[PDB]
Amino acid sequence: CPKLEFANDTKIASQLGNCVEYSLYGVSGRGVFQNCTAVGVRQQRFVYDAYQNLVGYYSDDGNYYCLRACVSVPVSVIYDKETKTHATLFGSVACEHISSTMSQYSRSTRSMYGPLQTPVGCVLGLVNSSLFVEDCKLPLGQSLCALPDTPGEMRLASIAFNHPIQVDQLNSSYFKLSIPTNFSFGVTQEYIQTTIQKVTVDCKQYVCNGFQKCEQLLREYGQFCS
Amino acid sequence: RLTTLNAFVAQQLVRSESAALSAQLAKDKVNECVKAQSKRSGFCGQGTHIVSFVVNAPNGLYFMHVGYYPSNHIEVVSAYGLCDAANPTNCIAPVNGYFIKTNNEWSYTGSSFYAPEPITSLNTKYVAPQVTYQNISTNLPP
Amino acid sequence: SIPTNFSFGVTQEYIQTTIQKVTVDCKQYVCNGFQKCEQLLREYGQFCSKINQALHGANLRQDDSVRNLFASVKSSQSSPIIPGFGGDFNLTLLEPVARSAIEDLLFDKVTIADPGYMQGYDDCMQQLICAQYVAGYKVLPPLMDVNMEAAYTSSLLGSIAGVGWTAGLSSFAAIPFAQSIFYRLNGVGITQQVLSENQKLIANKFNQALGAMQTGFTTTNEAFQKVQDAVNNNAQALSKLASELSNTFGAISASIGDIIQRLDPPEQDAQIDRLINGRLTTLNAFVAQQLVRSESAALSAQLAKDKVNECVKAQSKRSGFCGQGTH
Amino acid sequence: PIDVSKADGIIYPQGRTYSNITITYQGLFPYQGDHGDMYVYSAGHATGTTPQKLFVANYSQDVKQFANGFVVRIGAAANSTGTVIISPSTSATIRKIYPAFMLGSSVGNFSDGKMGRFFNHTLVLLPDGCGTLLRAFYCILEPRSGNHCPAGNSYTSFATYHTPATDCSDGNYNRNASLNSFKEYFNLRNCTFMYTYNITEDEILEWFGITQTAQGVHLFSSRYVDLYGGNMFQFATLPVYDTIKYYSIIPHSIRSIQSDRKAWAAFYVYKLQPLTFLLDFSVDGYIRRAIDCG
Amino acid sequence: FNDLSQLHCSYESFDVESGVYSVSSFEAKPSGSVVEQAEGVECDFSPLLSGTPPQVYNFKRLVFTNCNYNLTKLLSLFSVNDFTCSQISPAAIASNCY
Ligand SMILES: *[C@@H]1O[C@H](CO)[C@@H](O[C@@H]2O[C@H](CO)[C@@H](O[C@@H]3O[C@H](CO)[C@@H](O)[C@H](O[C@H]4O[C@H](CO)[C@@H](O)[C@H](O)[C@@H]4O)[C@@H]3O)[C@H](O)[C@H]2NC(C)=O)[C@H](O)[C@H]1NC(C)=O
Ligand SMILES: *[C@@H]1O[C@H](CO)[C@@H](O[C@@H]2O[C@H](CO)[C@@H](O)[C@H](O)[C@H]2NC(C)=O)[C@H](O)[C@H]1NC(C)=O
Ligand SMILES: *[C@@H]1O[C@H](CO)[C@@H](O)[C@H](O)[C@H]1NC(C)=O
Ligand SMILES: *[C@@H]1O[C@H](CO)[C@@H](O)[C@H](O)[C@H]1NC(C)=O
Ligand SMILES: *[C@@H]1O[C@H](CO)[C@@H](O)[C@H](O)[C@H]1NC(C)=O
Ligand SMILES: *[C@@H]1O[C@H](CO)[C@@H](O)[C@H](O)[C@H]1NC(C)=O
Ligand SMILES: *[C@@H]1O[C@H](CO)[C@@H](O)[C@H](O)[C@H]1NC(C)=O
Ligand SMILES: *[C@@H]1O[C@H](CO)[C@@H](O)[C@H](O)[C@H]1NC(C)=O
Ligand SMILES: *[C@@H]1O[C@H](CO)[C@@H](O)[C@H](O)[C@H]1NC(C)=O
Ligand SMILES: *[C@@H]1O[C@H](CO)[C@@H](O)[C@H](O)[C@H]1NC(C)=O
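Its PDB record attributes the structure to cryo-EM, giving the resolution as 4.96 Å.

By the naming in the PDB entry, chain D goes by Spike glycoprotein and is assigned to Human betacoronavirus 2c EMC/2012.

Looking at the PDB entry, chain B carries the name Spike glycoprotein, with the source organism given as Human betacoronavirus 2c EMC/2012.

What follows is the structure, given as structure tokens:
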């Protein structure tokens, strides 16, 4: 390595808990260092996995550590047509993250308050609502769905379950029987695709368009199109 | 160009195999519940399928199924079999229906609608005496 | 030739009705947020859009098949769950104590790998799916609650106790289960008399068969092997993406940051181009592979719907459609 | 014979440890169930208290291709009483020995015409001090031309003698008398270095590894960390200029008087070549199981 | 510009289909860096400037392993007529560690 003005806040203990960039004298990368009980060869000092990803490191102090990555959250969007209603979701995360630690390009403004916690993580752009929808069109995963108003935030309803009419488990010789007292005709429209549009194609007009040097050059491939 | 041709050929052979199997499926579906009434649950229509009609489509066959869909189900008092006090052996059981203690006496209804009607021979069959039946004396059905 | 003695065969079958929904960004895995990488990714461009559209449509079709089957298998009317059900029939595996006991003895014995559906980031902060950018993709949460598939199976358990006496989905007739079993045995050609004097005997044989399938949760079950096969198929599919970051396809290394650290722009353009061409081809193969898996799962979902309608919601007369022998 | 199911003498990965996992590894290995090139040393002739004429073999007239380097199993015969080579009826306690290796690329015939005279600039490793020191160099050997001397008359072979009544006392070591013993047959010129290394003494089995690579000559020993196991870790990387192609053993005997002779261990020599293994690293990082492909 | 920009670009339309769509996620900024490892003494370069540079069939190597280097003291005093680097950038060779 070259001569280096060594910095005090570049020890592993100096930057515990916040994921940073390790440069171990030609072994570079980024990730989060965590305290670990000593595993593997002390003298090798470097351990990878079957996928050749570095897992742990024996620090010079005498303490062993592990690392995965600078992990952050996946980001997804929900949006409804004809009501310009959008919202952002972060998967399986605590509502930790605001507009501070960014990458790629900028965000979209919103007119609020910020986060809300859900079983799939965090959501910006919704609010609690105790309604239940069976026929949601844009399900936000697990059992939550946003109903836009019939224009601001949507209604973060839960996916309703069509709980059927429970019946009583009578144990005597008599019986409680369910019976329909009204009916309707349902016109279920089905369709089966049977035969696709029959197509053919010429070799030489498609590939060659009637040009002579092309026409001799086609036969070297030739039989493929046949 | 030839690689695009090869990919198109592969895609269309996949589509052709799919078309052949789905054509077999459509042939089957117009066989069972169209030329007859397939009693299987929801092959071509939810609930019980009643009727269907068939039209063409520019790449397939388009189906319309009119089916039965019930509502306003209520709870009634029902049983399995009635056996005589003097003749506990001779018992009857409903055929595509139920014995219902009507809120007008036991009566017959079908298995598809709340249609109470006086019980006769035509809608029931003579059956063996099982245990856990009902055993009436004041008005025996014919 | 007549049978004179008998038993109960607990045949175990499984249908992979729905592969696990997978969503991946092209830009993250191909590029990992490097500026010159993003610059070079522009020319191929719409390849990402085609990949995203294909995977999104495949996921959507999977969800639509899920919705169609679950609405279809939804009994319009059912019964709740009580202890003492089956009475004589020791059916303790069936009863959900927020999930079912037999579901636990299945799922726990399934070699699973660390979901982390809320504390996955916290699992990475603790000490497979903790790989998220290392995995490079998002696991899509399932379309229902686990509580909701439990509710679906609960509705089914309530349904089967009553549907199997009358043809037609018009009404519901949830008779006590023992009489239902007796009438179903009367259907397949067993007289009411031998039922009448041997209720306890057939009950004990039923309980023994249920214990044997319960205690048999090991390699002896081919269905156990096949559900582990489906799990390993998911594992191999994800590991295909995971291990292909190591592939350089001829490049001097795999660490793109090291690639731009060591090499001049004009040649690393070609190197990155080779890398991204290999990556895009692998994602194309991945998309086609889950497309085949998706249509397979759609047909399998249809078949499972037919089986749960015919030989589950009724006692089918098809010769060994879902019961080895008679059902 | 070497067994990989028993995981005997497999070199560790150079810098990449693992844990609790298996991995393919292309690298330098020997085969499965090899007989090897096992040799054994012995003491010279003696009557009473007389250091007499030596008792060695014809290893100097013999040579083998260096190939891809090799390994030596050391101490496989110790901890027990075994036969005496010079006195076959007599059996004594087996004490392990550490042999000296000379290596190069240009070989000629000796002064008596027997093949084996190495030419120009060659490397010798030599253990000394009754197994304590590890003096190694890459310099210019020169044979002596006197009586019973390699460039002189009445000469059959050469050996480094060991005087155990003087050398193997407590401390002492006669200022590396086996280097003098080699120097009683040779001398040294145009010397790049004279490299010094220490080791302890034991009666536990061990291995040693030699290989050549473009950066230099890698020397592998498990005595540094894995005394109780045994698998090859680098300690030395000698700055060689070119790639060697011949190896031979310097013969070595002991000036052991007949009244107090000691039995010695039979060290094993196993060549290495590129192959591919599968390795099952445990949680400790130690090699306890591996498997062949060929 | 925003999420809707890439959403619209993914369908070739101003009018898109509504729905929960995966979008290109972003990355938290780095928290700093750590450079920690034991470093040995500098490997000197004076033997290169000591003595005659040998013949082309006799060129003398200099091995460097586990050492340090300050390139500022040698290249400014070399009257270089040709500075090339194959398979690597000629400027940043002194930068990276090997
Ligand atoms: C030859 O003589 C030597 C004495 O010079 C004699 O050595 C003894 O060997 C035993 C057996 O290995 C040693 O007992 C060890 O004790 C340590 C704790 O101090 C343990 O950790 C050892 O376990 C190792 O071996 C296991 C496999 O057997 C491994 O799985 C495990 O991970 C450990 O690596 C082991 O119990 C004893 O300490 C030495 N004694 C001395 C003084 O060195 C040896 O047995 C004699 N025979 C042979 C054939 O070598
Ligand atoms: C090393 O790998 C083995 C192999 O999987 C692990 O041992 C298994 O541990 C599970 C957990 O209870 C058991 O169900 C298996 O029966 C074990 N198998 C074997 C062959 O031991 C072991 O836990 C791993 N150790 C570490 C530290 O990762
Ligand atoms: C890591 O945890 C171990 C176990 O408690 C502890 O002994 C050690 O001191 C910790 N590391 C540091 C740097 O404190
Ligand atoms: C919504 O409010 C109800 C009652 O106020 C509460 O039980 C529920 O947890 C809330 N949900 C969210 C996401 O805040
Ligand atoms: C059934 O419902 C329809 C519309 O809901 C109604 O017009 C009809 O009168 C009802 N019939 C009965 C018998 O309730
Ligand atoms: C009354 O019903 C029970 C229950 O099935 C039956 O055992 C008994 O024989 C019936 N009594 C008469 C007189 O039919
Ligand atoms: C039927 O066979 C099983 C096992 O072969 C046996 O346990 C049982 O007792 C038999 N039953 C009769 C009635 O023979
Ligand atoms: C029913 O099966 C469960 C499952 O092991 C068992 O714990 C229980 O004792 C059984 N009960 C009876 C009455 O067989
Ligand atoms: C190798 O040794 C021979 C012995 O005579 C000598 O002639 C030759 O010059 C030597 N080679 C080198 C490169 O010094
Ligand atoms: C030994 O080194 C000296 C001084 O460099 C030189 O004059 C002599 O020729 C060398 N001898 C051999 C055999 O290389």
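K.L.:
Honestly, the packing of helix α10 (residues 222-243) of chain C against helix α12 (residues 265-310) of chain C in this entry has me stumped. Any pointers?
P.N.:
Each pair of packed helices can be described by the angle between their axes along with the distance between the axes. All names here are of chain C. Here α10 crosses α12 at 165°, and the two axes come no closer than 10 Å. Between α10 and α12, the crossing angle belongs to the class labelled roughly antiparallel. Considering only the axes of α10 and α12, their crossing is left-handed. Every residue of α12 that contacts α10 at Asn 233, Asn 234, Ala 237 and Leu 241 is listed here: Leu 283, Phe 286, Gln 290 and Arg 293. Taken together, the residues that form the contact of α10 with α12 break down as four nonpolar, three polar and one charged.

K.L.:
What's the story with the packing of aromatic side chains in this structure? I'm lost.
P.N.:
The description of two aromatic rings rests on the distance between their centres and on the angle between their planes. Under the definition given, this model contains 39 aromatic pairs over all chains. Look at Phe182(D) and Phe186(D): their rings are 5.3 Å apart centre to centre, the planes differ by 10°, and that puts the pair in the stacked class. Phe186(D) carries the same exposure label as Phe182(D), and that label is buried. Here the aromatic residues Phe110(D), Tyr155(D), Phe158(D), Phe182(D) and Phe186(D) are joined through ring pairs into a cluster of three or more. Just above the ring of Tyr29(C) sits the side chain of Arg279(C); from NZ or CZ to the centre is 5.5 Å. The residue whose ring lies beneath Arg73(D) is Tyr268(D), and the NZ or CZ to ring-centre distance is 4.4 Å.

K.L.:
What should I look at first to understand the nonpolar core in this one?
P.N.:
In a soluble, globular protein the nonpolar side chains are often hidden away together inside. Counting 52 residues, the largest nonpolar core has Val72(D), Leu103(D), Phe208(D), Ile210(D) and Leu219(D) as the members making the most contacts within it. Sorting elements by how many residues they give to this core places strand β11 (residues 133-143) of chain D first, with five residues. Other than its neighbours up to four places away in sequence, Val72(D) contacts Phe101(D), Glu206(D), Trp207(D), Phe208(D), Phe267(D), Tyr268(D) and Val269(D). Grouped together as the second largest cluster of nonpolar side chains are 24 residues, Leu41(C), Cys48(C), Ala135(C) and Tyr137(C) included.

K.L.:
Please clarify how the interface of chain E and chain A should be interpreted in this entry.
P.N.:
Accessible area lost when the parts come together is the quantity often used to give the size of an interface. The partner chain A presents 49 residues to the 41 residues of chain E that form the contact. Taken over both partners, the interface formed by chain E and chain A buries close to 4,100 Å², and the fraction arising from carbon and sulfur atoms is 55%. For the pair chain E and chain A, the interface holds zero salt bridges. For the pair chain E and chain A, the interface holds 27 residue pairs in polar contact. Sorting the residues of the side of chain E that touches chain A by element identifies α1 (3-9), β1 (21-22) and β2 (33-34) of chain E as the ones contributing at least two each. Here the element with the most residues in the side of chain E that touches chain A is α1(E); it accounts for six residues. Residues that form the side of chain E that touches chain A fall into these classes: 19 nonpolar, 16 polar and six charged. Examined bridge by bridge, strand β7 (residues 75-80) of chain A and β1(E) share two bridges and lie antiparallel to one another. By the bridge assignment for β1(E), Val77(A) is matched with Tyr21(E).

K.L.:
Help me understand the state of the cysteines, please; the structure alone is not making it clear to me.
P.N.:
Where two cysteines share a covalent bond between their sulfur atoms, that bond is called a disulfide. Here the structure, examined in full by the defined rule, presents 16 disulfides over all chains. Residue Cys95(A) pairs covalently with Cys122(A) via a disulfide, S to S 2.0 Å. An S-S torsion of about 110° defines the bridge between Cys95(A) and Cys122(A) as right-handed. Linked covalently through their sulfurs, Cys43(E) and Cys67(E) form a disulfide whose S-S length is 2.0 Å. On the criterion of sequence distance, the pair formed by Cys43(E) in the loop between β2 and α2 (46-49) and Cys67(E) in the segment after α2 is long-range, its members being 24 residues apart. The disulfide pattern of chain D is 1-3, 2-4 when the bonded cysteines are numbered in sequence order. Counting only the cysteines that form disulfides, in the order they appear in chain B, gives the pairing 1-2, 3-4. Looking at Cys9(E), it has no disulfide partner, and the nearest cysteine sulfur is the one in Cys48(C), 12 Å off.

Definitions and limits used
- Residues numbered from 1 in each chain as written, not as in the entry; some residues may be left out.
- Chains lettered and ligands numbered in written order.
- Part of a larger assembly, values for the part shown.
- Heavy atoms only, no water.
- Axes fitted to C-alpha atoms, helices over the stretch in contact; angles between N-to-C directions.
- Helix = DSSP H or I, 4+ residues; strand = E, 2+ residues; numbered from the N terminus.
- Parallel < 35°, antiparallel > 145°, perpendicular 65-115°, else oblique.
- Left-handed = near helix turned anticlockwise from the far one by under 90°.
- Contact = heavy atoms within 4.5 Å.
- Nonpolar A, V, L, I, M, F, W, Y, C, P; charged D, E, K, R; others polar.
- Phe/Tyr/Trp six-rings, centres within 6.5 Å; stacked < 30°, edge-to-face > 60°.
- Buried < 20%, exposed > 50% of the residue type's maximum accessible area, 1.4 Å probe, protein only.
- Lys NZ or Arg CZ within 6 Å of the ring centre and 35° of its normal.
- Core = buried A, V, L, I, M, F, W, Y, C linked by side-chain atoms within 4.5 Å.
- Buried area = accessible area lost by both parts, 1.4 Å probe.
- Salt bridge = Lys/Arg side-chain N within 4 Å of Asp/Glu carboxyl O.
- Polar contact = N/O pair within 3.5 Å; in protein donor to acceptor, adjacent residues only side chain to side chain.
- Pairing = 2+ DSSP bridges.
- Disulfide = S-S within 2.5 Å.

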